[PDB]
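Heads up: the structure comes next, in structure tokens.
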Amino acid sequence: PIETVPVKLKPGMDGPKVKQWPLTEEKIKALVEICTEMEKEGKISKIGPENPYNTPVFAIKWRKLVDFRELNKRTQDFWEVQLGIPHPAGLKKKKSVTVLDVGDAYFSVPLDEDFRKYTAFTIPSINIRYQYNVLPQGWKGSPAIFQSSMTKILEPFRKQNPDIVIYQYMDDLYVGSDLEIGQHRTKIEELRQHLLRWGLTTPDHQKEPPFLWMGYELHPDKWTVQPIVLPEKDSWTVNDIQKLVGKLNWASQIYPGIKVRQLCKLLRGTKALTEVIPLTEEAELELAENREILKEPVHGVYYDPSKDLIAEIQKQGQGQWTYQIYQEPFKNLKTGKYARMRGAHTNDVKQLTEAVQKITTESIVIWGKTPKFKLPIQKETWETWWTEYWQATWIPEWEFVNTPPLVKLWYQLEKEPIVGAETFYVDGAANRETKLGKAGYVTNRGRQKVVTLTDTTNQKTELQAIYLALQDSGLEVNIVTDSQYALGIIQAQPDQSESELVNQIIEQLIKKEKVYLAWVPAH
Amino acid sequence: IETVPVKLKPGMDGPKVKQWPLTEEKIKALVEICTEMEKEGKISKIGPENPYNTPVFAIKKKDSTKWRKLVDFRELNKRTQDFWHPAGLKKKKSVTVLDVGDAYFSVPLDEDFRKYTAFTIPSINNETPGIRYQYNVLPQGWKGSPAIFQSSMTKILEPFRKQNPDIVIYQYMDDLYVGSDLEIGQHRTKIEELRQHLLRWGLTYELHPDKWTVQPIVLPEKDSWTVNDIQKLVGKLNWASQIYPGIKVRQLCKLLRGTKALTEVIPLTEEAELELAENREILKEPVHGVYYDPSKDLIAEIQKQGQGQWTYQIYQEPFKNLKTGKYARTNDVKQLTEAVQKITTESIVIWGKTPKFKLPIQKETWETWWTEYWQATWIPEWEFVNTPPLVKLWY
Ligand SMILES: CC(C)c1nc(COC(N)=O)n(Cc2ccncc2)c1Sc1cc(Cl)cc(Cl)c1
């Protein structure tokens, strides 16, 4: 009843020819009985010596099974079905939602006449060659064509009725409206009616909520995540631990409490994938604290296009940021965390800004609009860093919220050398075999100091020199360095780093009143 | 009508590019525009046997409350069979540009090829499959539309230039560059007429090329120099010594001898004043031996200077700029976007090519807001840098 959709094999591929798995009598007879009824319904048809290819058949138990994997390996590619996630919280909450069954509408779609020849299978001598005339079950291109065909049918109806939501998934139709049960019902019948007119008979078993959907549980007034469970093991290999960390990270996206540090330490120096590792006590605790966190399922409400979208961010641990998207106080639509670390050197404002970006993109994808943000950062603060930062940033309209910890600029390097402040010319270098780590300085006032080190690079000694400078000076200092490494690092004005010296220096820089750092080429 | 047969570089296949998410607004606009275009047969919904896809966006050109549909065929263009630039506009005094994308809409597109122009109108939260289409005519933004219309493009330009090679007009994709070194008010008038010279076949502010330059590097002029002042001079001169190796800094560094306070004034010696002056002379002109090379990529770097100030450089060999300039004042983003356009435009003008931009912004940020202030008809290639410009005070 719908225009067949042209189909072809990949560039220069041939159909299947995999010999037929000689089956048994109890088997042959069963299929013989199944093919007969599908035949008398169109779905298939006898073919003869004519056709060359062959897909083996099986009779699962008394159900017909055609192993098409070897014809799906030679069919063109189709426009993917699952374009996008989507998130349960984007769904608009309707008053009534009906679910329609399609089912048998499976064999209810025609296969392109020039492709068919390739769907040839063979039924052994009872003691018979066929081909499909419909989207076979097990054919790479059938889901796509089905959904598409289905889309075409609905397109019209969806037109004459825009206020109705119709989600097509697998063999069902979820239709929601905001009409009254009287009106809703009638519309549905029309739909039932329309659907019939194309050969999609709808049975007049009624699947009820919660609707199990892609790891989600959909209830009328809310959505929940299907329980997330971790494996129970006495012996943990490296493979186990990696997949475990895998699942955890993933699940840490909605369960901000989750930690993986102690479990990932376990991966250190691992010699083999099967190597078994005793769990650390700090690792055992963490694994237990995660099992628990995961006992309370994540859940939220549905979307109300009538109210405004508000997003609230919070500074959790280190580089960790939590966020909630709601319309009414604490009635969360969605919640998450953002913790990426875009580069080695960074600070809190840049991070808060990145988090702000993420939520925007996600909002736009889920609700089609950006939200109003409530951020733990003063206008004064974000504005100073904004016009000082080298990249172009886009801040959205936001409301402050003095809910500690607050995001703040821990410091700002001077822009001009400080008048009257002691000038420190710092320096450092070493021995490549092993350190002659002699870092120290000299000032315009005559003060001088040299410090020897151990187990440290050449740049580490430059950083040391600045640290020594910083620690040994008044509240206002001028530091001249020839290190691009140090300069770069510092000029960025990060407030934290995986380094200890860089960190020490940072707290030093934070303590100071004034600090001008100057670079001069390394002679 | 008969169609011009197009082909993909022998060994290529269509583009399968991801469609960035759009606001409901941009979706709504897009869907209006498309069925109407469908109504007219330009595009017609397509099926799922078409695996290809090209990004599409919705821009609203200002001074009207009308949306325009922009398609990102960048990728398609990179793979359409290799199909086979008038100096003088970069010389003219005032230049103008016009949009001739429409012309193409009246040209059947080669059957076997429409499949590659497939694009998708996205759905909010993916609760709907996504509206699929394909072009039946010559699409805007595709390198193949100009090359195929060429035959009829010049064949419609003669009645203004067969014996009228005084003024100049160049065509870049959907773009029409009309350069005329004539009188200011007497400019609009000579083009407003070409605006009526093509219309006879269907398709119903100025640029100042000659007034550009690969600006010079300038050293400070001062009555008194401080330790720091000199430290900076030496720095900036050092950098500059990779472009110009004749630059010298020995004499100056002599001054940086000892350990004086950063704010202390150091008299310049005669040997030091001479060097600086020779250094000033070397820099008075752009480095020799820097010419455009077609086999190379044109690259453009932008640096935010604060105060709605943005500097940029176009170059092919790093530290061998073909041009430099500045854009000036709104927010970082709007400015950054206007700058890319201004820059791309000059680029098309001077070399008839768009440059690959290195954008000082987070990717996700750009992708979300660039369509907000984009008015061009093309889209340049771009990448995002996360490394501070250490040369923000030198460049
Ligand atoms: C009309 C459709 C679009 C719909 N809208 C809402 C949004 O929910 C409301 N309240 O309308 N719900 C959820 C629902 C669940 C149980 N009862 C009623 C509705 C549904 S049903 C549904 C079912 C599956 Cl398998 C997948 C998806 Cl994405 C949605």
Side-chain angles (χ1 to χ4, degrees), chain A residues 60 67 69 72-73 80-82 84-89 138 140 170 210-218 223-300 314-324 332 334-344 346 351 354-355 358-359 362 365 496-500:
Chain A
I60 67 177
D67 201 9
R69 254 57 48 191
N72 303 308
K73 205 180 73 171
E80 144 224 0
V81 177
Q82 265 295 187
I85 270 37
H87 201 295
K140 169 187 175 183
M170 292 210 297
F211 293 136
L212 303 178
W213 179 73
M214 315 201 87
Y216 287 103
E217 273 187 43
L218 277 20
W223 60 270
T224 46
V225 178
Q226 303 182 194
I228 305 289
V229 145
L230 303 169
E232 287 286 27
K233 288 174 174 292
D234 49 305
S235 282
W236 291 93
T237 61
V238 167
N239 190 262
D240 294 331
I241 304 175
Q242 290 190 309
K243 309 202 172 300
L244 173 73
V245 173
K247 181 167 288 302
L248 270 20
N249 278 152
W250 172 63
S252 183
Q253 290 165 174
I254 56 180
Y255 293 97
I258 291 182
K259 292 195 178 182
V260 186
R261 214 162 192 303
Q262 293 302 177
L263 289 150
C264 211
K265 287 185 73 170
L266 268 33
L267 263 353
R268 293 178 172 181
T270 47
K271 84 191 179 186
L273 227 57
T274 57
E275 182 186 13
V276 181
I277 321 179
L279 297 206
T280 263
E281 84 123 321
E282 301 95 306
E284 205 64 4
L285 160 56
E286 179 178 290
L287 206 202
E289 226 145 301
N290 288 3
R291 291 181 170 299
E292 206 52 12
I293 274 293
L294 281 176
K295 278 307 183 191
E296 169 185 299
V298 167
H299 72 281
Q314 293 97 38
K315 186 168 181 292
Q316 184 179 56
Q318 190 49 39
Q320 296 263 303
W321 303 71
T322 53
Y323 72 77
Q324 309 70 58
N332 303 325
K334 186 177 190 295
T335 93
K337 187 177 58 79
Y338 158 81
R340 304 191 59 166
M341 214 64 96
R342 205 172 299 289
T346 188
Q351 294 194 184
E354 290 171 347
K358 180 192 193 312
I359 300 167
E362 190 185 287
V365 161
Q496 89 280 292
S497 77
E498 45 284 3
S499 175
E500 199 61 65

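We use all heavy atoms of the structure for the numbers below, so side chains are in, but hydrogens, waters and symmetry mates are not. Lettering of chains follows the sequences in order, A, B, ..., and the numbering in each one begins at 1.
- Rounding to the nearest 0.5 Å places CD1 of A/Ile359 at 12.0 Å from CD of A/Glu354.
- Smallest separation of non-hydrogen atoms from A/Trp213 and A/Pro86: CH2-O, 3.2 Å.
- Residues that satisfy the side chain to side chain donor-acceptor pair (under 3.5 Å) test with A/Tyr255, not counting sequence neighbours, are absent from this structure.
- A/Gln351 approaches A/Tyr338 most closely through the heavy-atom pair O-CE2, 3.8 Å.
- When side chains are defined from C-beta on, A/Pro227 counts as touching A/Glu217, because their heavy atoms get closer than 4.5 Å.
- The shortest heavy-atom contact between A/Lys315 and A/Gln318 is NZ-OE1, 4.0 Å.
- In this structure, A/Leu218 CG and A/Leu212 CG are separated by 9.0 Å, a value rounded to the nearest 0.5 Å.
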Let me check something: any side-chain donor-acceptor pairs from residues 278-292 of chain A under 3.5 Å, sequence neighbours excluded? List them with distances.
from     : atom 1 : to       : atom 2 : distance (Å)
A/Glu286 : OE1    : A/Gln262 : N      : 3.0
A/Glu286 : OE2    : A/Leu263 : N      : 3.1
A/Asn290 : ND2    : A/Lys259 : O      : 3.1
A/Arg291 : NH1    : A/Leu230 : O      : 3.3
A/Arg291 : NH2    : A/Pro231 : O      : 2.5
A/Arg291 : NH2    : A/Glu232 : OE1    : 3.1

request  = Kindly determine whether A/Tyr323 and A/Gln314 satisfy side-chain contact (heavy atoms from CB on, under 4.5 Å), including the steps that lead there.
outcome  = CA-CA 6 Å; A/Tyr323 72 77; A/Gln314 293 97 38; 5.7 Å; no

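- Looking at every heavy atom in both residues, A/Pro297 comes nearest to A/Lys295 through CD-O, 3.1 Å.
- For A/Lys337, there are no side chain to side chain donor-acceptor pair (under 3.5 Å) partners, not counting sequence neighbours.
- Surrounding CD of A/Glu296 are at most 12 heavy atoms belonging to other residues, nucleotides or ligands under 6.0 Å away.
- Every side chain to side chain donor-acceptor pair (under 3.5 Å) that A/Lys140 has, sequence neighbours left out, goes to A/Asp77.
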Determine all donor-acceptor pairs shorter than 3.5 Å in which one atom belongs to a side chain in residues 238-252 of chain A; sequence neighbours excluded.
from     : atom 1 : to       : atom 2 : distance (Å)
A/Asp240 : OD2    : A/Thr237 : N      : 3.0
A/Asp240 : OD2    : A/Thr237 : OG1    : 3.1

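- Smallest separation of non-hydrogen atoms from A/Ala339 and A/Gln320: CB-NE2, 3.6 Å.
- By the side chain to side chain donor-acceptor pair (under 3.5 Å) test, A/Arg340 pairs with no residue at all, sequence neighbours left out.
- Put simply, CE on A/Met214 and NE2 on A/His87 are 13.0 Å apart, with the number rounded to the nearest 0.5 Å.
- With rounding to the nearest 0.5 Å, the separation of CD1 in A/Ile277 from NZ in A/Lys271 is 10.0 Å.
- A/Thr322 and A/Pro256 get closest at one heavy-atom pair: CG2-CB, 3.6 Å.
- Counting only heavy atoms from C-beta outward, the side chains of A/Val225 and A/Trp223 approach each other to under 4.5 Å.
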